[PDB]
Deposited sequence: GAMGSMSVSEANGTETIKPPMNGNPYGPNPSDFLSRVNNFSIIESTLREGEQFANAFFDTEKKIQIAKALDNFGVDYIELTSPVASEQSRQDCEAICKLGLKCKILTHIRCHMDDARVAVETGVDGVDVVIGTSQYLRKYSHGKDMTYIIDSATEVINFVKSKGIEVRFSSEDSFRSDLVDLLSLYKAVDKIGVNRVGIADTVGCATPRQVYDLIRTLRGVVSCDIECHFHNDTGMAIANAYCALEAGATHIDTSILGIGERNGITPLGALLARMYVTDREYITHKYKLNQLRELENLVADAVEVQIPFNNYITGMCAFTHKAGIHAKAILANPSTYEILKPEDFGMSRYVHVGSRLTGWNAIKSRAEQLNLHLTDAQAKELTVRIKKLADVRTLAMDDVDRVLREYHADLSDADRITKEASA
């Protein structure tokens, strides 16, 4: 199939947006110190880019943008702006590697031209994006990308800001964009209807080169493509590429860092790192399928820093529950006041209570 030649499923970059999209999470109020811990951990994890809330947003955003650019991280630091010269002047002086010029759908082209050429004159990477791309007029959108491509820009951006796009619709649009522009393509997908990971997958199949993620998917409403969930999907597609590019065994600690800051639990069903992600039912309930449960193990626990699937025969209560999960997570334990805590206190409590501990 000729179209497989364009697929970027084993050759793409993550733009990690916990410090942009994630700031829109209902309970996210990151201070400078926490953002710095997150940026460092994300860099250690191996993402190519980190995106930050516009330095125009507030005085604290300008300062944090500047501080993060002074860290000497390996990943590139990106931010975004409105299509406006004053915004651009602020962004360029902050030390960022890249600026996204964002519009929402003539006088757009001439204004965008000024902004784009200014940023390029500073030696800074420039991108041009549309907001709510899937509820915009398609021909006007494509004509705008076409013109901006001729001006010369590093990347164009597509965003399903509303969460309404479906996978085949995403594939078709990105595949057309790939034929319209000569540059890289960044994508952003909201998860309101459960499509955020699928939409990311199909975008990559269609030739997109950069995907926005967020740790635990946190963001506006129910958020965007989750970091861990994208990697699980991409890992099944190309195990060797993903296992060697990212430090997958650091994913639990990365999520725990964010979950503590935004005061949430890790959901039981959470991709890879949820309580139940690496579990099989043993016993009479397993006869709801024909093959032995261990036939169905698309994810290998050891690739993600864990030791086994847990085969559940009966309800795990007390220190039996704690011990089983602790051993699956390769925690070496301390064991005293965990079973003493759990008794004076549910299933997701097991992970809650174990959050402190490292493998």
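- Gaps without C-alpha coordinates occur at 1-28, 134-146, 375-377, 390-395, 410-423, with positions taken along the deposited sequence from 1.
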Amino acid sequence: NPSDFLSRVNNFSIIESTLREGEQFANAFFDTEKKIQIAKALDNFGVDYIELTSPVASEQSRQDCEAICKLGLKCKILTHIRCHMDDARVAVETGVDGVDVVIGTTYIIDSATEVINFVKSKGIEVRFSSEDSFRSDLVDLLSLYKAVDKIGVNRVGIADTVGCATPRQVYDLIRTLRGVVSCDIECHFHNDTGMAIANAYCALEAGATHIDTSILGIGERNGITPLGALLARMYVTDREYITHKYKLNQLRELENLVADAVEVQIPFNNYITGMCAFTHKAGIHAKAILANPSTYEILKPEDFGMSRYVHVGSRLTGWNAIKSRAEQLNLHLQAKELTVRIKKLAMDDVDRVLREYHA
From here on, numbers count along this sequence of modelled residues.
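- Of the other compared PDB entries of this protein that include residues on both sides, at least a third leave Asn292 without atoms.
- When 311-319 is weighed against 65-73, 311-319 comes out higher, by mean CA B-factor as recorded in the entry.
- When all modelled residues of the chain are sorted by CA temperature factor, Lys120 is found within the highest third.
- Among the modelled residues of its chain, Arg168 has a C-alpha B-factor that falls in the middle third, as given in the PDB entry.
- Residue-level temperature factors show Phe29 in the middle third of its chain, judged at the C-alpha atom.
- Sorting the modelled residues of the chain by their CA temperature factor places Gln265 in the middle third.
- Per-chain ranking of the deposited C-alpha B factor places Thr209 in the lowest third.
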